[PDB]
Number of protein chains: 2
Amino acid sequence: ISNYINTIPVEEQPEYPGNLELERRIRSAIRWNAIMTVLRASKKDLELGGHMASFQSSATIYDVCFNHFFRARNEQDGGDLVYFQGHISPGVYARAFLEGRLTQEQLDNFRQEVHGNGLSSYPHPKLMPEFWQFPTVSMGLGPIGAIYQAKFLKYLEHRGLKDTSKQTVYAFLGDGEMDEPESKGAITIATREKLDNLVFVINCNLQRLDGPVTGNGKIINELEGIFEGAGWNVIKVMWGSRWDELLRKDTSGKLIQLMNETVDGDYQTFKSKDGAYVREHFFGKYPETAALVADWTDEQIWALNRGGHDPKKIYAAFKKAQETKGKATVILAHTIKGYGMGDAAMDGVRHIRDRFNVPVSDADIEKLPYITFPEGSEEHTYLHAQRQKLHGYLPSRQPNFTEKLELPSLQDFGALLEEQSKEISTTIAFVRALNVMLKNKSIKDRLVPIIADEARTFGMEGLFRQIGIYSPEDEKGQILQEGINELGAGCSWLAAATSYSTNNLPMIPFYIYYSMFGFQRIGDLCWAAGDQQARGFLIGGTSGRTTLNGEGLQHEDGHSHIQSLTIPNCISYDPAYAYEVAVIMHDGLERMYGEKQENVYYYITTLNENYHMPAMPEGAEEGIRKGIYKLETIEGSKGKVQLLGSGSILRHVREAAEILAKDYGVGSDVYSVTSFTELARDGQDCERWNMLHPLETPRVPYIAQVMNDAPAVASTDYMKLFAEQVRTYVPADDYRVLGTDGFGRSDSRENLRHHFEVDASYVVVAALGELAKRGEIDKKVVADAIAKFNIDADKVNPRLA
Amino acid sequence: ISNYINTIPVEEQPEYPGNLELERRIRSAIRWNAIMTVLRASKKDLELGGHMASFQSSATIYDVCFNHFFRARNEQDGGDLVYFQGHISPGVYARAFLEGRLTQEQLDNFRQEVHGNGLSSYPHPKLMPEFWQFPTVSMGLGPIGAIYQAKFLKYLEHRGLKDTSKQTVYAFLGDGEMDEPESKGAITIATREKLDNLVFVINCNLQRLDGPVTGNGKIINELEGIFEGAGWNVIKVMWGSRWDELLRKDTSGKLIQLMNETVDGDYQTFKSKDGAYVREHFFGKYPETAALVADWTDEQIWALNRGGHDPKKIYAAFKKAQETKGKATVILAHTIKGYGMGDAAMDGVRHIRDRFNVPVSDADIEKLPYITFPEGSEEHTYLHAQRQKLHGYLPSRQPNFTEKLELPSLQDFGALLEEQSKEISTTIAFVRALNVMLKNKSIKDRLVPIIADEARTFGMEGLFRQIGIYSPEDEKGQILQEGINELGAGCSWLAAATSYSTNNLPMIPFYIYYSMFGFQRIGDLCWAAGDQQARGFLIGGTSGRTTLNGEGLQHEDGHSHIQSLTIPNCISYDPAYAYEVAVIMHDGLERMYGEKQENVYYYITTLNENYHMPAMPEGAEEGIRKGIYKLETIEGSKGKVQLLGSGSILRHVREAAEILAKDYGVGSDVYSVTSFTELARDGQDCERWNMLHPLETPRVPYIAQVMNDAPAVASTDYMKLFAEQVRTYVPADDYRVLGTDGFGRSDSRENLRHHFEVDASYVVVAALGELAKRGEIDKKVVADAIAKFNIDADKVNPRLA
Ligand SMILES: COP(=O)(O)[C@](C)(O)c1sc(CCOP(=O)(O)OP(=O)(O)O)c(C)[n+]1Cc1cnc(C)nc1N
Ligand SMILES: COP(=O)(O)[C@](C)(O)c1sc(CCOP(=O)(O)OP(=O)(O)O)c(C)[n+]1Cc1cnc(C)nc1N
Ligand SMILES: [Mg+2]
Ligand SMILES: [Mg+2]
C-alpha cells in the first residue's frame with residue numbers, strides 16, 4: 001500500500017493532448033442525452049428501469065478513452081476489446097446517438113426491444129448483434145472474461161495465427177463488483193502470463209448499490225494491496241488538479257497522513273455535506289492541514305474534486321498503463337457516485353442542465369429534449385475526428401467471419417464409423433475425432449483443445465507431444481492447460497469460441513472437463529456465452545451418474561443435461577457409440593464453422609467406460625443428428641415393446657431386449673437416442689406451430705416419425721426428466737422412464753446401475769409390467785421377474801437415498 | 001515476498017511438545033493402512049479408484065494437528081471445524097480405524113457404499129451422516145466455505161448466541177486447487193472481518209494432477225505475495241531441521257540466494273534424481289554453496305527435507321497461527337508429492353513397508369494386512385491420550401439438533417391468509433412472513449436474513465430498523481449484508497443452515513437475491529449444500545422471465561426451477577399468492593426445524609410485481625404444500641377445459657378462464673400450481689412404486705387425484721419443461737404447455753408476456769385449439785381468435801428469437 005494520493009505526481013504528468021474545453025462540451029451533451037434516455041423511459045411508467053448515477057461517476061473516464069485511447073475494429077485486428085460496465089450502457093447509447101449511429105427513436109425505445117427498433121438494457125450481443133460485444137452485467141464475469149481474452153490474444157500472436165499486439169483489453173469494473181470471487185480470483189494469471197495487453201479500470205466511487213463497499217475501511221487500499229501482491233502495476237487516480245498546490249505546499253506531511261487515515265465512510269459523508277463541513281471535519285483535524293486552506297473560501301474548498309473526474313489525471317494513468325510491460329495494470333479511479341446530480345444523489349434536471357452548462361432552454365427543458373451537434377459544428381467535427389484517428393466507432397460487432405474453411409467431410413472420420421477393433425469409450429472416440437480434425441489443413445491450427453488440469457484422465461496426454469501445451473510446452477504449443485480452474489478454462493473457451501467475431505479469425509475450441517463441473521459450476525458463464533454467440537464444443541467427460549462409479553456424490557453427473565437444456569442456443573447430445581460421436585462432431589463443425597455459421601455451441605457428454613463399438617448402420621447419419629434412430633427390432637410372438645437408451649445405458653437396454661426376446665418371447669424395437677433434448681425441442685416447435693395454424697396440416701414430431709405405438713421404456717444415466725421430457729410427443733400410450741435421480745455414491749458400475757434402477761433387469765421388469773397391464777402376460781410373470789433379478793421392490797426411492 | 005526460507009527461524013521455534021519417535025510409529029501405521037485401503041480396493045478391479053500420493057505428502061501435517069491442535073466436538077462448542085482435503089480421505093479413514101472408530105470390514109468396503117457398510121470416496125455428510133462434516137472434494141468450495149464458516153462463528157459470538165471463541169476453522173487446500181477463482185477470490189473478507197479463527201493450510205507440493213502448478217515460477221511466492229497483499233499472516237514452512245546448521249553456516253547468503261532463484265520445475269527435478277545430481281545441479285551452482293556441502297555424503301544431501309515433512313517446523317506454524325489475533329493465517333507447507341513411495345510416485349509395497357518401518361512381516365505382507373495397536377501398547381495409549389486431551393475424536397457429526405423449538409403456528413400467519421386490501425407481491429408476502437417469524441420468542445434471534453448488496457430492491461429495508469445489520473449497524477446486527485458476492489452469501493447461508501448440526505444450534509437463514517444469480521451462478525455450492533444437509537430458505541427474488549421486465553437477457557429468470565429440480569433434497573415452489581407463501585414458509589419451517597427434522601432446504605421464487613391478493617380458500621393448505629389445488633370452477637355450456645398456472649402468470653390464466661367463459665361459453669376448472677416439481681416427483685414415485693408392485697392396485701399421482709380428463713392448458717413464467725414435467729401424470733388426453741423458452745430481453749411486462757406466448761390470449765387460443773381438435777368447436781373460431789387477439793402465428797419461436 002502506498003500513500004493515498006495520485007501515483008503519478010504532476011511533474012511526471014504528460015501535457016494533455018486534447019481540447020479540454022471542447023471535450024467537456026461534448027461530454028456534457030452525452031451526460032444529458034443519457035439522463036434524457038432513462039428519464040423518458042421512466043415516464044412511461046412500465047417499470048423499465050435504468051441507471052444514471054453510475055455513468056455520472058465514470059463519464060469522464062470513458063470520455064478520455066473515447067477521445068484518446070480506444071481503437072475501433074479495423075482492417076488489421078478487432079481493435080481494443082472493451083468490457084463496458086453493464087449499467088452505464090445509457091452513456092454508451094448517448095455517445096453512439098451523438099455519433100449518428102443510433103436514432104432518437106431508438107433512444108426513445110430504450111428497454112423496449114420486442115418490436116425491433118429498441119435498445120437492450122445492457123450489453124447483449126444476442127439482442128444487438130452488430131453493436132455490443134461482451135455481456136458484463138452479471139458482475140464478476142467481465143473481469144475474469146477479460147483476463148482470459150487478453151491471454152487468448154497473446155496466444156494467437158504466439159501461435160502465429162494473428163498479430164494482435166496492437167490490441168488492448170480494457171475491463172471496466174465497479175468497486176463493489178470486486179467482491180465477486182470471480183473478480184480477483186484469477187488476477188494472478190495476468191502476472192504468470194505477463195498480460196501487458198490488459199488494463200483493469202476500477203471505478204472507485206466507494207459505493208455499491210445499497211451502501212459503501214467498506215465504509216469502515218479503504219477499498220482503494222484493499223484493491224492496491226491485493227493487486228500489487230498479485231504482481232500487477234497499480235495506478236491510483238485519487239485527486240484532481242486543485243489538490244496539487246495543497247499537496248506541494250504542505251511540508252509537514254500532515255495532509256497525506258490525514259488522507260491516509262480517513263476511511264471511506266467519512267469521505268462519502270463529506271461529499272454529501274458542504275464546504276464549511278469539509279473545512280471543519282477534514283482539514284480541521286490538524287492545525288497544519290487547517291492552515292493549508294485557512295485562506296480559501298468554503299466554496300473553493302468545496303471545488304476540490306476526486307481524480308477520476310479530472311481529464312488530466314485520467315490521461316496520465318491510461319498513458320502510463322500503455323507503456324507498462326511484463327504485467328497487467330489496474331487503474332483505481334476515485335470518483336463520486338451520482339456526480340453532479342445534486343440532492344437527488346421536476347427541476348432536478350434543471351440542476352443537471354445548470355451544473356454541466358447544458359445548451360437546453362429553460363423553455364424546452366420540460367420536453368426532455370435530446371441534444372445533437374450539427375454537421376460542421378466544432379463539437380461534431382472534433383467528436384468524429386478523434387474517433388477516426390482511432391479507426392472508427394465502438395462498440396461495434398461483426399456477426400459472421402469472412403473466410404471460407406475447408407472442413408473435414410464425414411468420410412474423413414471414416415475410421416470411427418466402422419466397428420472398432422478394441423472396446424473403447426466415447427471419450428476415446430472424441431480424441432480420435434479430434435485427431436482427424438488435426439490432420440485437416442484448413443482447421444488443424446485453429447483448433448483449441450482446452451483442459452482443466454485433467455488430461456491423463458481423458459487420454460489427452462498423447463497430445464502433449466503431438467501439438468504441445470501453450471506456455472509463452474513452449475509458446476507455439478496448441479493446448480491450453482488452465483489447471484484446476486473451470487471458470488478460467490471456460491473463459492479461454494469463450495474467447496476462442498467468439499474469435500470468429502471479435503478478430504474475424506475463427507478458432508474452434510474443444511474444452512473437456514469432468515461433466516459435473518460444467519454447467520453446475522460455471523453456469524452463469526455458459527449463459528453469457530450463449531448471449532455472446534459462442535460457437536465451440538463443451539465436452540462433458542466422465543459423465544453419467546453410474547458410470548464414474550467410484551467417485552461419488554460430488555462427481556457423479558446425472559443432471560448436466562437438465563442444466564444444459566435451459567440454454568437456448570446450446571445443442572446437447574449424450575451419444576452411446578463412437579460413430580455417433582463422430583457424426584455429431586462433424587455436424588457441429590459444419591453448422592457452426594461451415595457456410596451456415598449457425599450461432600449455437602455444442603455440449604457432448606462422453607464416457608470413461610470401454611465397451612464394444614459397432615459400425616454405424618447404413619443411413620443412420622441424419623437420425624443421429626436429429627436425436628434418435630432405430631437400431632434394430634428383435635422378433636418375439638408373445639408381445640412387443642419399444643426400448644430407448646442413450647449414453648452408457650443403451651448397451652444395457654439392448655441387453656434387456658435380448659432377455660425379453662429369449663426368456664419371455666417379447667420382441668422389441670430398440671432405439672439409440674443421441675439427444676432427448678433436441679427431440680423435445682422439435683416436438684415443442686411442432687405443437688407450438690400446430691396451435692398457431694389450426695387450419696393447416698399439423699407438423700409431426702421427429703420422435704413420432706421414428707417410434708410407433710407399442711408400450712415403451714427408456715433408460716439413461718441421467719435423472720428421469722432427461723428422457724421424460726419427450727413424453728408429450730411419444731406416440732405410445734405407455735412410456736415408462738428409468739433414470740438416475742438421487743445423489744451419487746461410490747460403488748461398482750453394476751451396483752450403481754442396480755441401485756439407481758436403470759440396468760437391464762429394471763428395463764425388463766418395466767417392459768413386462770406394461771404388457772401385464774394390457775393383459776398380454778400374467779402379472780405374476782412380472783412379479784417373478786422382480787424376484788429372479790434380485791430386485792428389491794421396497795428399497796427407498798433412489799431420489800431419497 | 002520474503003526469502004525462500006522458513007518464516008519462523010529456529011531461534012523463535014517453540015520446543016516440540018510430543019514424543020517424536022512414538023508419533024512416527026503411529027503415523028507409519030496410519031500411512032500403511034491408508035495405502036492398504038486403496039490397494040485392496042484396486043485389487044477388486046471394479047474401477048473403484050482412490051488416491052495415495054497426496055495423503056503421503058500431507059500426512060505429517062495432519063498428524064501434528066491430530067496430536068496437538070484439533071479440538072473435537074464437546075459440550076461447549078462444536079470443536080475445530082476441519083475442512084479436510086477431499087482426496088486424502090483414506091488417511092482419515094486409516095486413523096479412524098486405528099482409533100477403533102471404523103471396522104476392518106468398513107475399510108474393505110472403501111468406495112462400495114450401496115449395500116450399507118462402506119465408506120464414501122470423499123467427505124459426504126449425506127452418505128456418512130455421523131462421520132463427515134464438510135464436502136470439500138469439489139475444489140475451491142472448501143476455501144470460501146471455510147472463510148464464511150469462520151465469519152459465521154464470530155457472528156454467533158457477537159450475537160450472544162454461542163461462545164465459539166475456542167473454535168478454529170481449518171481449511172486444508174491443495175496448491176493446484178488455489179487456481180480455482182473461488183479459492184483466493186474471497187480472501188480479503190478474512191482481513192475485513194479480522195478472522196483470526198481461520199487457518200488456511202495449503203499443501204505446497206508444487207504439483208497438481210497432471211503436472212506442476214507453475215513449473216516456470218514459484219507457486220509458494222505467488223501465494224505469499226497475494227495473501228500478504230490481502231492482509232493475511234503468511235507462514236512459510238519451507239525446510240526441515242537439517243537445513244538449520246547449513247543456512248547459518250552460510251555467511252555469503254548464497255544459499256538463501258540459490259534457494260530464491262530456483263524455480264518450481266527445477267526443485268521437482270531434483271527430488272527425482274539423487275544426492276549426486278543435487279550436489280551438482282543445485283549445490284554445484286556457486287563455489288560457496290557447493291562448498292557448504294563439501295564435507296557431506298550424497299546420502300546426507302539426499303537426506304535434506306522439505307519443511308512440510310518436519311513436525312518441529314509444522315508445530316511452530318500452527319502454534320504461531322493459534323496465537324495470532326486480528327487477521328487470518330495461511331500456512332504454506334512445502335512437501336513432496338508421493339513422499340516415500342519411491343520408484344512409483346509387491347515390490348512397491350515392500351518399499352513402503354521398509355521406508356516407514358511398518359510392523360508387517362514378510363510372511364504377512366502379501367495379504368495386504370491392516371495394522372492395529374492393541375490396548376496396552378505404547379502406540380495405542382499415546383494415540384488415545386492425545387485425542388482425549390483434545391476432547392475426543394474428529395471428524396464426527398451430529399445429524400439432529402437437540403433443543404426443541406416452539407415454532408409459529410399457521411394461525412400466526414393469519415393476516416397473510418386473508419384477502420389483502422393493498423395490491424402486493426409475493427416478495428412483500430415473504431418479508432411479512434419473516435416479520436411474523438421475528439415476533440416468535442423461540443426463533444426470532446435464530447433467523448438469519450442474508451442479502452447480496454440489494455435490500456431496497458427486495459423491500460428488505462424495513463427490517464434494518466427492526467433487527468439491524470451485522471457489522472463488527474453494529475456487531476449485534478442480525479442481517480448479513482454480503483455485498484456483491486452471491487457465492488459468499490451462499491456460503492454464509494450454508495454456514496447458518498448447518499449450524500444445527502455443527503454447533504447443535506439451529507439457525508434459520510433466508511437468503512434473498514436475484515433468482516437468476518442463484519443456482520445458475522452458485523449451483524456447485526447448492527449441490528454441496530445438499531450433501532451438507534443444509535436446512536434453510538433460498539428466496540429467488542425478482543423471478544419469472546417476463547416479470548423482471550426491463551432487465552433483459554442476463555437477469556430474466558425462466559429456468560432456475562429447472563436447475564433447482566436437479567437437487568434431490570431441495571424443495572421448490574413458485575407461488576402466485578401471499579397466502580401460499582405463508583403456508584409454504586410455515587410448512588418448510590415445521591419440516592426442517594420442527595420435530596421431524598427433515599433434511600431438505602427450500603427454494604421459493606418470489607415476484608416484484610404487485611397485484612390483487614385474494615383470501616386462501618378454506619382447506620387449501622394441504623394442496624398448497626403438495627403442489628396443486630383447484631382454485632375455482634367456471635360454468636360454460638359450449639365446452640370444458642382445465643387451466644393451470646403458477647407464479648405471476650396464474651393471474652393471466654385466470655383472465656383467460658374469464659374470457660373463455662364470457663366469449664366462448666367454455667367453462668373450466670382453474671388450478672394454482674405452487675410446485676410443478678413436487679408434483680412431478682410425486683408422480684414419479686407412484687409410477688416407480690406401481691412398476692415395482694405389479695400385483696397391487698396402481699397408486700394415483702396427487703395431480704391426477706386433483707385433476708380430471710377435460711383438455712388442459714398450463715402457462716408459467718418458466719420454460720415449458722417446468723410444466724411439461726408432469727405430463728405423464730396429468731390424466732387428460734390433451735395437455736398443452738405455454739412457457740417462456742428463449743433468452744429474455746427488455747420490454748414492458750405486457751410486451752414480454754405476448755412475446756413469450758404465455759399471456760391470456762395464448763392460453764385462450766391453446767384451449768380453443770384442443771376443443772376444435774375434439775370437434776366441440778369449429779377450427780375457424782380458433783383461427784378467428786388468433787386474429788382477434790393480434791397474435792402473430794408466424795413470428796419466430798421465442799426459443800430461437
Ligand atoms: C438490475 O439492476 P441492478 O440490481 O441495479 C444491477 C445493474 O444488476 C446491479 S448494479 C449493482 C451495484 C454495482 O456496484 P459497483 O460499485 O460495482 O458499480 P457502480 O458503483 O454502480 O459503479 C449490483 C449489485 N447489481 C445487481 C447484480 C448483482 N449480482 C450480479 C451477479 N450482477 C448484478 N448486476
Ligand atoms: C477423480 O478424482 P481426481 O480427478 O483425482 C480429484 C480428486 O477429483 C481431483 S484431485 C485434483 C488435483 C489436486 O491438486 P492439488 O495440488 O490441489 O492437491 P494435491 O497436489 O493432490 O495435494 C483435481 C484437479 N481433481 C479433479 C477436480 C477438478 N475440478 C474440481 C472442481 N474438483 C475436482 N476434484
Ligand atoms: Mg461502486
Ligand atoms: Mg499439489
# chains A, B, ... in the order shown; residues from 1 in each chain; ligands from 1
>>> residues_near_ligand(ligand="ligand 4", cutoff="8 Å", atoms="only C-alpha atoms and all ligand atoms", output="PDB file with C-alpha atoms, in the first residue's frame")
ATOM      1  CA  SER B  54      -1.497 -36.773  -1.869  1.00  0.00           C
ATOM      2  CA  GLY B 174      -4.036 -28.108  -2.388  1.00  0.00           C
ATOM      3  CA  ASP B 175      -1.735 -25.714  -4.243  1.00  0.00           C
ATOM      4  CA  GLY B 176      -3.292 -26.655  -7.578  1.00  0.00           C
ATOM      5  CA  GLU B 177      -6.746 -26.020  -6.066  1.00  0.00           C
ATOM      6  CA  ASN B 203      -0.136 -28.190   0.831  1.00  0.00           C
ATOM      7  CA  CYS B 204       2.541 -26.808  -1.432  1.00  0.00           C
ATOM      8  CA  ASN B 205       3.841 -29.952  -3.071  1.00  0.00           C
ATOM      9  CA  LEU B 206       4.303 -27.873  -6.231  1.00  0.00           C
ATOM     10  CA  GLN B 207       2.128 -30.344  -8.165  1.00  0.00           C
ATOM     11  CA  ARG B 208      -1.488 -30.571  -9.257  1.00  0.00           C
ATOM     12  CA  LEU B 209      -2.887 -33.665 -11.042  1.00  0.00           C
ATOM     13  CA  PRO B 212       3.440 -28.770 -11.595  1.00  0.00           C
ATOM     14  CA  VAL B 213       1.104 -25.883 -10.716  1.00  0.00           C
ATOM     15  CA  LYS B 337       4.003 -35.406  -3.595  1.00  0.00           C
TER      16      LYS B 337
END
>>> select_by_dssp(residues="segment 522-671 of chain A", states="alpha helix (DSSP H)", output="JSON, numbers by chain")
{"A": [522, 523, 524, 525, 526, 527, 528, 529, 530, 531, 560, 561, 562, 563, 564, 578, 579, 580, 581, 582, 583, 584, 585, 586, 587, 588, 589, 590, 591, 592, 593, 621, 622, 623, 624, 625, 626, 650, 651, 652, 653, 654, 655, 656, 657, 658, 659, 660, 661, 662, 663, 664]}
>>> write_last_selection(atoms="C-alpha atoms", output="short mmCIF file (atom, residue, chain, number, x, y, z; two decimals), in the first residue's frame")
data_model
loop_
_atom_site.label_atom_id
_atom_site.label_comp_id
_atom_site.auth_asym_id
_atom_site.auth_seq_id
_atom_site.Cartn_x
_atom_site.Cartn_y
_atom_site.Cartn_z
CA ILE A 522 -19.79 -22.23 -14.43
CA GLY A 523 -23.44 -21.98 -15.48
CA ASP A 524 -23.51 -18.15 -15.39
CA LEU A 525 -20.64 -18.18 -17.85
CA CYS A 526 -22.47 -20.74 -20.03
CA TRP A 527 -25.49 -18.42 -20.19
CA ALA A 528 -23.28 -15.43 -21.00
CA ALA A 529 -21.56 -17.48 -23.66
CA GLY A 530 -24.95 -18.05 -25.34
CA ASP A 531 -25.54 -14.26 -25.17
CA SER A 560 -25.83 -31.70 -16.54
CA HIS A 561 -28.14 -32.31 -19.49
CA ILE A 562 -31.02 -30.82 -17.46
CA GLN A 563 -28.90 -27.71 -16.83
CA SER A 564 -27.76 -27.50 -20.49
CA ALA A 578 -18.13 -43.96 -31.31
CA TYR A 579 -19.76 -43.48 -34.70
CA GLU A 580 -22.35 -41.16 -33.09
CA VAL A 581 -19.63 -39.02 -31.55
CA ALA A 582 -18.04 -38.62 -34.99
CA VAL A 583 -21.30 -37.80 -36.83
CA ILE A 584 -22.22 -35.26 -34.08
CA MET A 585 -18.76 -33.53 -34.04
CA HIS A 586 -18.77 -33.38 -37.81
CA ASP A 587 -22.28 -31.92 -37.89
CA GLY A 588 -21.45 -29.33 -35.24
CA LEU A 589 -18.32 -28.26 -37.12
CA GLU A 590 -20.33 -27.87 -40.33
CA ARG A 591 -23.18 -25.91 -38.69
CA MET A 592 -21.02 -23.53 -36.69
CA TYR A 593 -17.94 -23.13 -38.94
CA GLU A 621 -26.35 -40.27 -40.05
CA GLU A 622 -29.25 -37.86 -40.14
CA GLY A 623 -31.15 -39.68 -37.40
CA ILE A 624 -28.05 -39.39 -35.17
CA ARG A 625 -28.08 -35.65 -35.80
CA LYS A 626 -31.82 -35.33 -35.21
CA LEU A 650 -28.04 -48.01 -24.13
CA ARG A 651 -25.93 -51.18 -24.14
CA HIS A 652 -27.90 -52.28 -21.05
CA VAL A 653 -31.21 -51.51 -22.75
CA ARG A 654 -30.01 -53.74 -25.61
CA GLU A 655 -29.22 -56.43 -23.05
CA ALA A 656 -32.79 -56.09 -21.84
CA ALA A 657 -34.06 -56.54 -25.41
CA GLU A 658 -32.27 -59.89 -25.72
CA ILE A 659 -33.60 -61.00 -22.33
CA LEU A 660 -37.16 -60.04 -23.24
CA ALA A 661 -36.88 -61.96 -26.50
CA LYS A 662 -35.20 -65.11 -25.28
CA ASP A 663 -36.76 -65.50 -21.81
CA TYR A 664 -40.18 -64.11 -22.46
#
>>> calpha_fit_rmsd(fixed="chain B", moving="chain A")
0.3 Å
>>> residues_near_ligand(ligand="ligand 2", cutoff="9 Å", atoms="only C-alpha atoms and all ligand atoms", output="ChimeraX atom specification")
/A:452-454,457,483-486,513-514,516-517,521,542,548,550-551,554-555 /B:49-51,53-55,57-58,85-88,122,136-141,173-180,202-210,212-213,337,524
>>> write_last_selection(atoms="C-alpha atoms", output="tab-separated table (two decimals), in the first residue's frame")
chain	number	residue	atom	x	y	z
A	452	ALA	CA	-8.55	-28.00	-16.66
A	453	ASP	CA	-5.52	-29.90	-15.26
A	454	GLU	CA	-7.04	-33.31	-16.03
A	457	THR	CA	-7.97	-38.88	-17.10
A	483	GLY	CA	-5.10	-26.00	-14.33
A	484	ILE	CA	-7.74	-26.57	-11.66
A	485	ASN	CA	-9.84	-23.66	-12.83
A	486	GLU	CA	-13.06	-24.50	-14.70
A	513	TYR	CA	-13.57	-31.50	-18.21
A	514	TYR	CA	-15.45	-33.54	-15.58
A	516	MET	CA	-20.19	-32.34	-13.09
A	517	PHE	CA	-18.14	-29.16	-13.06
A	521	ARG	CA	-20.06	-24.82	-11.65
A	542	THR	CA	-16.54	-38.79	-17.10
A	548	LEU	CA	-17.98	-42.52	-12.98
A	550	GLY	CA	-16.13	-44.83	-7.67
A	551	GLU	CA	-16.11	-41.05	-7.43
A	554	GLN	CA	-19.92	-34.60	-5.94
A	555	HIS	CA	-18.65	-36.18	-9.18
B	49	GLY	CA	-10.33	-45.57	-7.68
B	50	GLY	CA	-8.83	-43.71	-4.72
B	51	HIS	CA	-5.58	-41.80	-4.03
B	53	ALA	CA	0.25	-39.80	-3.26
B	54	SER	CA	-1.50	-36.77	-1.87
B	55	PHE	CA	-2.02	-38.04	1.68
B	57	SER	CA	2.72	-35.74	1.16
B	58	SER	CA	0.49	-34.17	3.85
B	85	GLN	CA	-8.81	-32.01	1.67
B	86	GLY	CA	-11.20	-34.45	0.00
B	87	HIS	CA	-8.85	-36.90	-1.61
B	88	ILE	CA	-6.78	-37.51	1.48
B	122	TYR	CA	-14.78	-38.36	-0.14
B	136	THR	CA	-14.57	-30.41	0.02
B	137	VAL	CA	-13.78	-32.57	-2.97
B	138	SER	CA	-15.24	-30.03	-5.41
B	139	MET	CA	-12.15	-27.90	-5.29
B	140	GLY	CA	-12.40	-24.26	-4.48
B	141	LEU	CA	-15.59	-24.57	-2.43
B	173	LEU	CA	-6.17	-26.88	0.49
B	174	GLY	CA	-4.04	-28.11	-2.39
B	175	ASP	CA	-1.74	-25.71	-4.24
B	176	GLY	CA	-3.29	-26.66	-7.58
B	177	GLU	CA	-6.75	-26.02	-6.07
B	178	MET	CA	-5.72	-22.42	-5.34
B	179	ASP	CA	-6.16	-21.71	-9.08
B	180	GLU	CA	-9.94	-22.02	-8.63
B	202	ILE	CA	-2.02	-25.04	1.70
B	203	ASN	CA	-0.14	-28.19	0.83
B	204	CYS	CA	2.54	-26.81	-1.43
B	205	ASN	CA	3.84	-29.95	-3.07
B	206	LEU	CA	4.30	-27.87	-6.23
B	207	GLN	CA	2.13	-30.34	-8.17
B	208	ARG	CA	-1.49	-30.57	-9.26
B	209	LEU	CA	-2.89	-33.67	-11.04
B	210	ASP	CA	-1.17	-33.55	-14.44
B	212	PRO	CA	3.44	-28.77	-11.60
B	213	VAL	CA	1.10	-25.88	-10.72
B	337	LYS	CA	4.00	-35.41	-3.60
B	524	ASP	CA	-21.99	-26.20	-7.33
>>> closest_residue(among="A:356, A:629, A:134, A:84", to="chain B", atoms="only C-alpha atoms")
A:134
>>> closest_residue(among="A:615, A:59, A:303, A:719", to="ligand 1", atoms="only C-alpha atoms and all ligand atoms")
A:59
>>> select_by_dssp(residues="segment 225-440 of chain A", states="strand (DSSP E)", output="list in words")
residues 233, 234, 235, 236, 237, 329, 330, 331, 332, 333 and 334 of chain A
>>> residues_around(residues="residue 372 of chain A", least_positions_apart="2", cutoff="10 Å", atoms="only C-alpha atoms", output="list in words")
residues 26, 29, 30, 33, 94, 97, 98, 99, 100, 104, 369, 370, 374, 375, 379 and 380 of chain A
>>> atom_distance(atom1="atom CA of residue 462 of chain A", atom2="atom CA of residue 447 of chain A")
15.9 Å
>>> residues_around(residues="segment 683-694 of chain B", least_positions_apart="4", cutoff="7 Å", atoms="only C-alpha atoms", output="ChimeraX atom specification")
/A:766,769,779,782-783,793 /B:679,698-701,729
>>> write_last_selection(atoms="N, CA, C and O atoms", output="mmCIF file, in the first residue's frame")
data_model
loop_
_atom_site.group_PDB
_atom_site.id
_atom_site.type_symbol
_atom_site.label_atom_id
_atom_site.label_comp_id
_atom_site.auth_asym_id
_atom_site.auth_seq_id
_atom_site.Cartn_x
_atom_site.Cartn_y
_atom_site.Cartn_z
ATOM 1 N N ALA A 766 -39.799 -53.243 -16.280
ATOM 2 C CA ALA A 766 -40.636 -52.124 -16.689
ATOM 3 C C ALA A 766 -41.439 -52.511 -17.939
ATOM 4 O O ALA A 766 -42.615 -52.186 -18.060
ATOM 5 N N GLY A 769 -44.113 -55.240 -17.152
ATOM 6 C CA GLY A 769 -45.223 -54.620 -16.435
ATOM 7 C C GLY A 769 -46.213 -53.901 -17.346
ATOM 8 O O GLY A 769 -47.436 -53.905 -17.109
ATOM 9 N N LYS A 779 -49.662 -60.912 -14.650
ATOM 10 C CA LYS A 779 -48.945 -60.035 -13.741
ATOM 11 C C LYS A 779 -47.978 -60.851 -12.899
ATOM 12 O O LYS A 779 -47.005 -60.323 -12.373
ATOM 13 N N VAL A 782 -44.403 -60.744 -14.168
ATOM 14 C CA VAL A 782 -43.670 -59.538 -13.789
ATOM 15 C C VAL A 782 -43.190 -59.719 -12.354
ATOM 16 O O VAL A 782 -42.062 -59.383 -12.026
ATOM 17 N N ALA A 783 -44.044 -60.266 -11.490
ATOM 18 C CA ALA A 783 -43.639 -60.467 -10.107
ATOM 19 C C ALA A 783 -42.471 -61.457 -10.060
ATOM 20 O O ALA A 783 -41.527 -61.305 -9.286
ATOM 21 N N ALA A 793 -38.199 -54.531 -4.429
ATOM 22 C CA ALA A 793 -39.330 -53.650 -4.710
ATOM 23 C C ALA A 793 -39.601 -52.624 -3.635
ATOM 24 O O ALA A 793 -40.265 -51.639 -3.885
ATOM 25 N N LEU B 679 -44.965 -32.050 -7.701
ATOM 26 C CA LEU B 679 -45.997 -32.889 -8.305
ATOM 27 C C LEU B 679 -45.351 -33.950 -9.202
ATOM 28 O O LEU B 679 -45.765 -35.111 -9.203
ATOM 29 N N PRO B 698 -52.748 -49.942 -8.747
ATOM 30 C CA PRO B 698 -51.858 -48.799 -9.008
ATOM 31 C C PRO B 698 -52.129 -47.552 -8.164
ATOM 32 O O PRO B 698 -53.277 -47.150 -7.975
ATOM 33 N N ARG B 699 -51.068 -46.950 -7.646
ATOM 34 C CA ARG B 699 -51.192 -45.726 -6.863
ATOM 35 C C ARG B 699 -51.431 -44.578 -7.853
ATOM 36 O O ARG B 699 -50.934 -44.603 -8.989
ATOM 37 N N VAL B 700 -52.199 -43.575 -7.429
ATOM 38 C CA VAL B 700 -52.506 -42.469 -8.322
ATOM 39 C C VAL B 700 -51.752 -41.207 -7.919
ATOM 40 O O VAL B 700 -51.816 -40.770 -6.767
ATOM 41 N N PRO B 701 -51.054 -40.583 -8.882
ATOM 42 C CA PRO B 701 -50.307 -39.360 -8.575
ATOM 43 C C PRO B 701 -51.249 -38.297 -8.012
ATOM 44 O O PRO B 701 -52.376 -38.188 -8.464
ATOM 45 N N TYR B 729 -48.373 -37.693 -15.736
ATOM 46 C CA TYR B 729 -49.305 -37.808 -14.631
ATOM 47 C C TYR B 729 -50.626 -37.069 -14.794
ATOM 48 O O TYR B 729 -51.573 -37.353 -14.072
#
